[PDB]
Amino acid sequence: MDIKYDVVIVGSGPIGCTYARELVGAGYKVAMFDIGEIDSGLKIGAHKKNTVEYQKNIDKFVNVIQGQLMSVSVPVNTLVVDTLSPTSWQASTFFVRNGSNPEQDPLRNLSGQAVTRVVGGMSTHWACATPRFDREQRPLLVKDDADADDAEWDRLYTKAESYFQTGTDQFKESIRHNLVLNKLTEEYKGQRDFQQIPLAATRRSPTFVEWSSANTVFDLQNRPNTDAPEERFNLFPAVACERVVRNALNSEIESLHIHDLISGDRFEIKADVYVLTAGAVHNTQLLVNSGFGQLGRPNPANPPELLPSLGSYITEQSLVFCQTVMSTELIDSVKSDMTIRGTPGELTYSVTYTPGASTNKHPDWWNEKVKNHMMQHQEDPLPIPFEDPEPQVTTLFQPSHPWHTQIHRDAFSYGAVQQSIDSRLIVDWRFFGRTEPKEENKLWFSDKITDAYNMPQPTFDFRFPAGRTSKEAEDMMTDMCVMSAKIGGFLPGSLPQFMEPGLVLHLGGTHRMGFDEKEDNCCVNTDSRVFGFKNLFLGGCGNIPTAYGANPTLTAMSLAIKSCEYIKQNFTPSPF
Amino acid sequence: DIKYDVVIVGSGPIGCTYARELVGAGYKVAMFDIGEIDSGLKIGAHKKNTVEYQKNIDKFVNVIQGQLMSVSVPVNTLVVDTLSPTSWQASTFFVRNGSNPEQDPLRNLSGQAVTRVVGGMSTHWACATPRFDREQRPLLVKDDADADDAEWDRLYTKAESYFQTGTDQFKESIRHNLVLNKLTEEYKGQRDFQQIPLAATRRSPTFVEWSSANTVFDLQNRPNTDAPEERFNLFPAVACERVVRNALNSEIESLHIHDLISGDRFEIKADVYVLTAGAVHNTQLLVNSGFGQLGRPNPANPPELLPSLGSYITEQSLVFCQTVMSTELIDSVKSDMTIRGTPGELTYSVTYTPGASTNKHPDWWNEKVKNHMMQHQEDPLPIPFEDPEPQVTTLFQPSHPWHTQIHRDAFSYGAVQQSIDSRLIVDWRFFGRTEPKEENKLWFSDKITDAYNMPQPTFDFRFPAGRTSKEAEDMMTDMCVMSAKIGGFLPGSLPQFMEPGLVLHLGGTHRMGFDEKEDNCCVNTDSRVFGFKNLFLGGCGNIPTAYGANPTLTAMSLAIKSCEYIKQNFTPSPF
Amino acid sequence: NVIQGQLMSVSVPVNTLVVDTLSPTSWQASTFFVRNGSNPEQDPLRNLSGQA
Amino acid sequence: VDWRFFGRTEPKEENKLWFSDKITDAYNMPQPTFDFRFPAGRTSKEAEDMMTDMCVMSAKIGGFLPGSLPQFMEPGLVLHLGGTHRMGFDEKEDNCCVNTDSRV
Ligand SMILES: Cc1cc2nc3c(=O)[nH]c(=O)nc-3n(C[C@H](O)[C@H](O)[C@H](O)COP(=O)(O)OP(=O)(O)OC[C@H]3O[C@@H](n4cnc5c(N)ncnc54)[C@H](O)[C@@H]3O)c2cc1C
Ligand SMILES: Cc1cc2nc3c(=O)[nH]c(=O)nc-3n(C[C@H](O)[C@H](O)[C@H](O)COP(=O)(O)OP(=O)(O)OC[C@H]3O[C@@H](n4cnc5c(N)ncnc54)[C@H](O)[C@@H]3O)c2cc1C
């Protein structure tokens with residue numbers, strides 16, 4: 001380790017890797033630190049799902065996700081266990097056990113909130129949905145000029161899409177995908193439009209999809225190297241970043257205080273520019289541990305003096321979930337162009353179609369797949385081929401239906417798909433609500449309790465706002481039930497429900513963006529620069545100040561690209 | 001150079017034993033694995049050795065669950081009759097979701113699973129490496145028990161070095177000692193309690209570097225700067241499908257592989273062929289090559305080559321529970337303290353006399369207890385929050401013919417919840433020995449194939465009547481009797497037999513003996529396949545005995561002996 | 001089932017189970033208050049909960 | 001086959017059944033409240049030896065039925081409560097409520 005760099009980046013997730021891509025590529029001497037470790041194979045920070053074995057066994061990936069997500073704030077447990085043997089040590093009170101947080105009100109939590117500490121962050125296991133926000137969900141980047149605002153957003157989103165390798169046709173040969181998309185399109189009669197979920201992914205074969213990750217954005221290899229001989233980049237894993245040291249003036253950051261987890265030692269690191277991309281929760285913890293906002297339980301008799309909006313106006317999306325079992329009608333419809341003679345298993349059983357016939361309801365390639373599956377597998381009672389790729393359908397947020405939707409199959413911490421119903425029939429429904437930012441919804445940090453890395457313990461004080469957020473959430477639940485019925489009934493064991501608050505992992509607004517610190521109740525400006533500080537920048541979903549339902553990461557990356565343009569324009573790389 | 005001195009199938013710890021031996025001895029080695037490097041820059045290393053997992057050890061259970069893929073899942077017959085009327089609804093229990101229609105659900109090892117990753121199961125195992133005593137141990141020397149003992153002592157010693165096995169990495173756990181000392185007191189000399197021998201090196205009071213395949217051999221391609229005269233290439237994502245027999249059945253001529261990334265298939269040439277793909281997949285590879293018999297066993301048509309392959313399979317019975325430490329034991333932790341006043345109040349104090357001969361515990365223990373009780377007066381227990389886990393065993397003996405572990409560690413089952421303090425909880429796992437019986441089989445379908453288009457494994461297994469069954473129940477009773485001395489059962493973790501094969505200690509699938517016919521076996525004591533000059537098998541599949549203790553060290557020892565034979569009989573090519 | 005129906009618990013302590021998947025529109029408690037005939041005098045850890 | 005083993009509990013003054021002066025039950029009578037733990041010492045040592053004896057004894061007949069594994073039942077489920085208005089010869093010396101004619 002040198003101790004002096006042009007740029008230091010805290011966190012190796014996709015957003016940190018956005019700053020690395022832009023700034024290493026611009027010739028800056030860059031260091032990036034992550035509290036977590038390299039594990040994803042030789043491609044550092046890559047998606048863990050990109051193994052042949054996971055793609056042959058995609059339900060097991062749910063276990064990988066569950067293992068790496070560490071709960072943010074677990075309240076004290078009050079479950080009664082009164083069948084201990086009389087000889088066993090038996091509590092007299094519900095005392096603080098097993099890492100729990102006594103500061104946390106169990107009834108005002110985001111209990112599902114969790115973080116991932118590994119190189120590449122959560123992009124080592126995410127579901128890769130990268131939609132754009134329309135105006136209603138998005139913060140303004142230009143005031144009093146909507147055309148210019150739309151233009152700037154389209155410019156940034158276009159660049160973010162190419163960084164992630166976002167596309168909308170990787171699942172276009174799936175029979176299940178098309179069956180569902182086409183049925184929904186027909187049922188809604190132009191009242192709503194449906195499309196493939198935009199996904200950060202590149203298909204490699206009919207049975208393998210290279211899902212994108214941080215690695216896609218920046219390969220995280222130390223530089224200079226053979227492929228980039230004039231670039232300078234060093235990644236330092238297993239390094240807990242603990243503070244950014246303020247000057248007394250609060251006009252500049254003077255160093256970064258780090259703890260090397262392997263040797264145990266602490267060091268101070270110097271850069272011209274400091275970028276914090278540690279996530280929505282941990283950016284905030286770092287800043288609060290460094291003297292921004294206020295440590296301890298919020299006290300309005302005693303408002304912070306620096307960045308008083310930090311950790312207020314936090315938003316998390318309401319999430320509803322169910323799975324369905326495909327209707328008899330839609331299954332029969334897969335094979336509507338086949339002529340069938342005889343009984344499966346008999347010597348003269350026959351499934352045939354006429355290629356190119358004007359009366360066919362499906363393209364030739366679909367009918368070829370169906371006929372071959374039915375003929376080659378006469379023991380199997382479905383017309384859908386065994387390795388048909390999954391459905392990836394959406395109708396995007398609109399004023400008339402102000403929630404994001406995903407009608408798909410993918411792996412999440414809660415996905416448990418089971419064994420008695422054939423998986424070809426099963427579709428997942430996830431609808432995502434938008435949450436109004438309210439001052440009273442907070443993420444704060446204990447002045448007494450510490451987490452496993454000896455940092456102040458995160459504590460939430462959150463409820464979904466009454467009024468619009470709550471009315472929309474329940475209308476959203478209703479829309480899922482109404483819409484999913486057009487495809488099939490609910491799968492027993494996956495009935496319509498609200499998911500534990502935060503399980504969705506789309507927290508925002510924890511260090512929010514706006515034009516004016518006071519008037520827009522915010523922490524950073526539209527260059528993601530922290531107000532008052534010449535050289536401190538924050539990236540991530542914690543920047544997003546609006547109520548949004550769609551998946552936030554693409555939008556956070558686009559803000560990061562704009563942040564990088566300010567940096568390139570105002571700091572000089574050191575001579576190489 | 002698609003010609004090698006040695007090819008090894010599988011990068012788990014046993015393949016890595018062959019690589020360590022043979023790379024070291026100057027051979028041009030290639031190793032293939034069907035899985036991929038997914039463990040960090042240390043190739044094939046233990047996935048538990050991250051700071052984050054060691055601070056969240058209970059979460060590792062999810063990692064193991066994720067990487068164990070079931071070997072044989074029978075057709076599901078569960079009735080779901082609450083589907084909506086509009087939903088497609090089956091009329092029969094057809095073959096769904098990759099299930100194996102050949103498999104009888106009542107004669108399965110349903111808990112059996114495999115791990116396809118570089119490093120194999122050593123990327124997530126619990127690192128217990130006991131030696132087998134004579135009763136559980138295969139013979140290497142016939143009729144000279146002193147010579148047999150000496151050969152095993154040498155091989156095991158070398159295997160323990162390879163694994164970095166030790167027995168005192170937990171000596172400064174209060175919980176460990178609390179449990180060990182109480183058990184030794186209660187058995188009044190009938191049984192010996194000691195630390196589980198563990199393949200691990202402690203790095204700090206809160207961090208242990210668990211050993212893995214990586215520890216045995218680093219899996220870096222060679223030559224490299226640290227090993228300039230060595231020759232090693234590792235080829236991940238390569239499914240190995242058949243070894244080609246000459247017509248004489250005296251030599252292997254080729255290893256046929258399928259590169260999963262490019263999709264292409266190749267025929268690899270070596271002087272020496274080593275199969276170390278696990279007890280299930282070594283057998284699959286051999287059967288797909290014409291050894292044994294493909295398909296449902298047929299007594300009226302016994303195989304001509306290797307007739308014992310896939311017969312005499314053994315798996316251990318496993319019983320498990322957790323307990324909550326007794327109030328007596330918790331009080332005894334603080335037996336040396338003088339405690340006055342009430343916690344949280346001004347007058348409260350906890351003192352002890354350092355070095356006093358009337359103390360039951362050493363000063364390090366009393367200091368830790370004193371500081372915890374004084375610094376955390378809101379906590380009602382005397383055990384420090386970061387105390388390491390217990391790691392206790394009494395090893396298999398004639399009068400108690402099961403292995404025991406009295407400990408905490410991560411496996412695919414048995415996760416904790418949050419209601420009982422973790423410091424009170426202890427896991428009890430007792431492992432039975434299974435008599436080898438010709439009717440217990442692992443065979444492969446001639447029509448159903450698995451996810452890599454290879455013949456589908458199918459088990460025909462029940463625990464033998466007689467000794468095996470009687471000992472399994474006596475073992476359960478033993479666990480109930482012993483655990484009671486430490487505390488009552490933890491609700492939700494009551495004493496139970498685990499699903500057959502969850503324990504993943506499968507042996508005897510390609511078993512070892514002196515004489516193919518007389519010892520009903522597939523390899524000799526050099527682990528060489530009878531009749532074949534240049535084919536060797538490594539792993540637990542080789543072990544032909546009824547054993548209770550954890551098998552991997554014993555398989556590794558057998559692999560070292562195999563390497564000695566290779567070194568005596570083949571010459572490395574010129575570098 | 002007949003036995004289960006006729007046995008009425010003697011002392012049921014206040015319930016502290018967390019239910020955090022209510023819809024945002026549903027009335028949602030701020031405290032673990034005395035619900036459903038429970039006994040606030042009863043220490044849940046010094047009970048005969050099975051008594052009926 | 002079902003196995004139910006029943007332990008004996010030492011009578012201890014501190015183990016109580018009392019009645020609220022504020023909370024009432026469904027029949028508007030004072031609400032019963034327990035203050036109970038199994039006594040340490042003999043009651044507790046016997047209870048756990050008892051568990052062990054069930055496991056030892058039942059093994060001679062068969063293994064445990066999955067789903068009905070050896071356990072302690074919730075305190076009181078057994079419905080054999082005693083000593084709430086206890087008998088003895090002398091009210092004071094035998095710490096009791098009724099004499100051997102069950103007269104108060
Ligand atoms: C299973 C799952 C599914 C998802 N699906 C989607 C999707 O479909 N679409 C979508 O947009 N979003 C999805 N997400 C969310 C997406 O992964 C996150 O929004 C995104 O990764 C955030 O990027 P980031 O770089 O800001 O933070 P992260 O990805 O969280 O990375 C931040 C990092 O900084 C580190 N760190 C934390 N503290 C410190 C410290 N003190 N010092 C040093 N380093 C530190 C971490 O170890 C970590 O790698 C999903 C997430 C999960 C887990
Ligand atoms: C959670 C758990 C805990 C355990 N704890 C312990 C412990 O405490 N003590 C103990 O002794 N053991 C225990 N074990 C078991 C121990 O892991 C195994 O016995 C040991 O890893 C066997 O090593 P091996 O090299 O023979 O096989 P494996 O580790 O199974 O490796 C064989 C490999 O070959 C591969 N392969 C398979 N088929 C092919 C093919 N066709 N072509 C190419 N490559 C192929 C695999 O991908 C794999 O890497 C545990 C296992 C688990 C999962």
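Residue numbering restarts at 1 for every chain, and letters A, B, ... go by the order of the sequence lines. Just so you know, these numbers use all the heavy atoms, side chains as well, and skip hydrogens, waters and symmetry mates.
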Do [X] and [Y] have side-chain heavy atoms sitting under 4.5 Å apart?
{"X": "A/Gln68", "Y": "A/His125", "result": "yes"}
{"X": "A/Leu503", "Y": "A/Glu500", "result": "yes"}
{"X": "B/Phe489", "Y": "B/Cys480", "result": "yes"}
{"X": "A/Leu69", "Y": "A/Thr116", "result": "yes"}
{"X": "B/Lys59", "Y": "B/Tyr53", "result": "yes"}
{"X": "C/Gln42", "Y": "D/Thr33", "result": "yes"}
{"X": "B/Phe320", "Y": "B/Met498", "result": "yes"}
{"X": "D/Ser44", "Y": "D/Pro39", "result": "no"}

Looking only at side chains, do [X] and [Y] share a donor and an acceptor under 3.5 Å apart?
{"X": "A/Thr315", "Y": "A/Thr435", "result": "no"}
{"X": "A/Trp89", "Y": "B/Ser326", "result": "no"}
{"X": "A/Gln323", "Y": "A/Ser494", "result": "yes"}
{"X": "A/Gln285", "Y": "A/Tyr453", "result": "no"}
{"X": "A/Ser85", "Y": "D/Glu48", "result": "yes"}
{"X": "A/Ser446", "Y": "A/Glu103", "result": "yes"}

Starting at [atom1] of [X], measure out to [atom2] of [Y] and round the result to the nearest 0.5 Å.
{"X": "C/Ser9", "Y": "D/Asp25", "atom1": "OG", "atom2": "CG", "value": "13.0 Å"}
{"X": "C/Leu45", "Y": "A/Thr93", "atom1": "CG", "atom2": "OG1", "value": "8.0 Å"}
{"X": "A/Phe464", "Y": "C/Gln28", "atom1": "CZ", "atom2": "CD", "value": "9.5 Å"}
{"X": "B/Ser422", "Y": "B/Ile57", "atom1": "OG", "atom2": "CD1", "value": "11.0 Å"}
{"X": "A/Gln113", "Y": "A/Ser73", "atom1": "CD", "atom2": "OG", "value": "10.5 Å"}
{"X": "A/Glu436", "Y": "A/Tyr313", "atom1": "CD", "atom2": "OH", "value": "13.5 Å"}

* **Verdict with reasoning, B/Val61 to A/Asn63, per side-chain contact (heavy atoms from CB on, under 4.5 Å)** => CA-CA 9 Å; B/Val61 164; A/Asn63 300 136; over 6 Å; no
Closest heavy-atom pair and its distance - [X], [Y]:
{"X": "A/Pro102", "Y": "A/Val96", "value": "CB-CG2, 3.8 Å"}
{"X": "A/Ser111", "Y": "C/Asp20", "value": "OG-OD2, 2.5 Å"}
{"X": "A/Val81", "Y": "B/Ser419", "value": "CG2-OG, 3.1 Å"}
{"X": "B/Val426", "Y": "B/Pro390", "value": "CG2-CG, 4.3 Å"}
{"X": "A/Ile426", "Y": "A/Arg409", "value": "O-CD, 3.2 Å"}
{"X": "A/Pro75", "Y": "A/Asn109", "value": "CD-ND2, 3.7 Å"}

* Residues B/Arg423 and B/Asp379 bridged, charged N to O under 4.0 Å ->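 So B/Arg423 pairs with B/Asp379 through a salt bridge.
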* Salt bridge between A/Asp461 and A/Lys442, side-chain N to carboxylate O under 4.0 Å? ->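 Answer for the salt bridge query: no.
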Can you tell me if [atom1] on [X] sees more than 12 non-hydrogen neighbours from other groups inside 6.0 Å?
{"X": "C/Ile3", "atom1": "CD1", "value": "no"}
{"X": "C/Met8", "atom1": "CE", "value": "yes"}
{"X": "A/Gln497", "atom1": "CD", "value": "yes"}
{"X": "C/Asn36", "atom1": "CG", "value": "no"}
{"X": "B/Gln418", "atom1": "CD", "value": "yes"}

* Apply the test side-chain contact (heavy atoms from CB on, under 4.5 Å) to residues A/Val74 and A/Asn101: give CA-CA distance (whole Å), side-chain angles for both, the deciding distance (0.1 Å), then the verdict. => CA-CA 6 Å; A/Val74 184; A/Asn101 178 18; 5.9 Å; no
* Asked: Who passes ring pair (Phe, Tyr, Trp, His ring centres under 6.0 Å) against A/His404, sequence neighbours left out?
  ->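 Ring pair (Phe, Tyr, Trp, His ring centres under 6.0 Å) list for A/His404, sorted by chain: A/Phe432.
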* Asked: Would you say the side-chain atoms of B/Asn56 pair up with the backbone N or O of B/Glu52, donor to acceptor, closer than 3.5 Å?
  ->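 Flag set: sc B/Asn56 to bb B/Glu52 pair under 3.5 Å.
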* Yes or no on side-chain contact (heavy atoms from CB on, under 4.5 Å) for D/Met54 and D/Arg4, after CA distance, side-chain angles and deciding distance? -> CA-CA 8 Å; D/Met54 177 179 74; D/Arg4 292 179 173 80; over 6 Å; no
* Excluding sequence neighbours, so at least two apart, what forms side chain to side chain contact (heavy atoms under 4.5 Å, CB included) with C/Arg35? ->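 Residues passing side chain to side chain contact (heavy atoms under 4.5 Å, CB included) with C/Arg35: C/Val14, C/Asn15, C/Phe32, C/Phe33.
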* Asked: When you look at B/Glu389 and B/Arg175, which way does the salt bridge (charged side-chain N to carboxylate O under 4.0 Å, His left out) test go after all the steps?
  -> CA-CA 6 Å; B/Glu389 53 268 34; B/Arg175 292 182 282 159; 5.0 Å; no
* Go through the steps for A/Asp428 and A/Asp410 under the test side-chain contact (heavy atoms from CB on, under 4.5 Å), then give the verdict. => CA-CA 8 Å; A/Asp428 301 354; A/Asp410 216 319; 5.6 Å; no
* Please work out which of the three classes, parallel, tilted or perpendicular, describes the rings of D/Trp3 and D/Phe5, given edges at 30° and 60°. =>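 D/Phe5 and D/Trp3: tilted rings.
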